[PDB]
Amino acid sequence: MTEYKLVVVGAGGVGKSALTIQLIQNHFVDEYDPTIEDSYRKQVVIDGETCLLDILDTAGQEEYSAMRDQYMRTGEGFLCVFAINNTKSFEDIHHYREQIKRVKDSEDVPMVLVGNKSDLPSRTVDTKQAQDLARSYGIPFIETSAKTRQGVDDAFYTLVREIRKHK
Ligand SMILES: Nc1nc2c(ncn2[C@@H]2O[C@H](COP(=O)(O)OP(=O)(O)O)[C@@H](O)[C@H]2O)c(=O)[nH]1
Ligand SMILES: *S(=O)(=O)c1cccc(S(=O)(=O)Nc2cccnn2)c1
Ligand SMILES: [Mg+2]
């Protein structure tokens, strides 16, 4: 079975841990220490093939650490996550893409833009705004809720399929 190295990046609070745990463990977690960086593992079937997902869930104080840097260099695709109710997190997306672009030294990096917390009504970022950003980056945009599981499989599996095609 093929193995895929996925990295989840984005501002503190957007739901990187909730998304990852929802994928891996099938639970919504609403109190997960924001300072914990961890790797997660799950065997999944994608398009009929058993896959092994290894997923790095990132914490803010690790951003410029050497060990992060090793994960980023070996990571094969990246979820860039913001929260649709937090404009600052959407403003931040360029920063995280720019860091990926630098470490990968590539314009050809599998990536998905993720608008999380789509179950919350107090929206501040339009889908059109995110789809325009995603278009400018050459990447897909996927709406997710780690709470309801909307789009969670789609976001991670879409990233895998990009990696698969890339390889
Ligand atoms: N309503 C809602 N809350 C979420 C969602 N994802 C994360 N959260 C909440 O937002 C807060 C931050 O989540 P967390 O996963 O720690 O964000 P991280 O800092 O990016 O890991 C937590 O209180 C979560 O319960 C979501 O899809 N919907
Ligand atoms: S870490 O402890 O070095 C670690 C833990 C689990 C898996 C892996 S890896 O799959 O070898 N690399 C990797 C890169 C990016 C995202 N996830 N895993 C390393
Ligand atoms: Mg977290």
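Position 56 of the sequence shown, counting from 1, maps to 56 under the deposited numbering, and the rest follow consecutively.
Backbone N, C-alpha and C define an ideal beta-carbon position, used for all residues, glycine too.
Not one heavy atom of ligand 1 sits closer than 7 Å to the Cβ of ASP54. Within the same chain, and ignoring the five residues on either side of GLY151 in sequence, the residues whose Cβ sits closer than 6 Å to its Cβ are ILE142, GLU143 and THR144. By the CB criterion at 8 Å, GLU162 and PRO110 fall inside the cutoff. Inclusion of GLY75 in the 7 Å shell around ligand 2 follows from its C-beta lying nearer than that to a non-hydrogen atom of the ligand. Note that the C-beta distance between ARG149 and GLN22 is below 8 Å.
Counting along the chain, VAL160 sits inside the alpha helix (DSSP H) bounded by residues 152–166. For the pair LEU19 and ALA146, the CB atoms are nearer than the 8 Å cut-off. Contact check for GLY10 against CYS80 passes: the beta carbons are separated by less than 8 Å. Taken through DSSP and simplified to helix, strand or coil, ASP119 comes out as coil. For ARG41, the uninterrupted beta strand (DSSP E) segment begins and ends at 38–46. If you draw a straight line from the Cα of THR50 to the Cα of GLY77, it is about 18 Å long. Set against 7 Å, the gap from the CB of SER39 to the closest heavy atom of ligand 3 is not smaller.
For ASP57, the three-state secondary structure derived from DSSP is strand.
Taking every protein chain shown into account, the CB of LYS165 has fewer than 16 other CB atoms within 10 angstroms, so this residue is exposed. Non-local C-beta neighbours of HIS95 in its own chain, meaning closer than 8 Å and more than five positions away in sequence, are absent. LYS5 is bridged by DSSP to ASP54.
When the five nearest sequence neighbours on each side are left out, the beta carbons in the same chain lying within less than 7 Å of the beta carbon of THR87 are those of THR124 and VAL125, in order along the chain.
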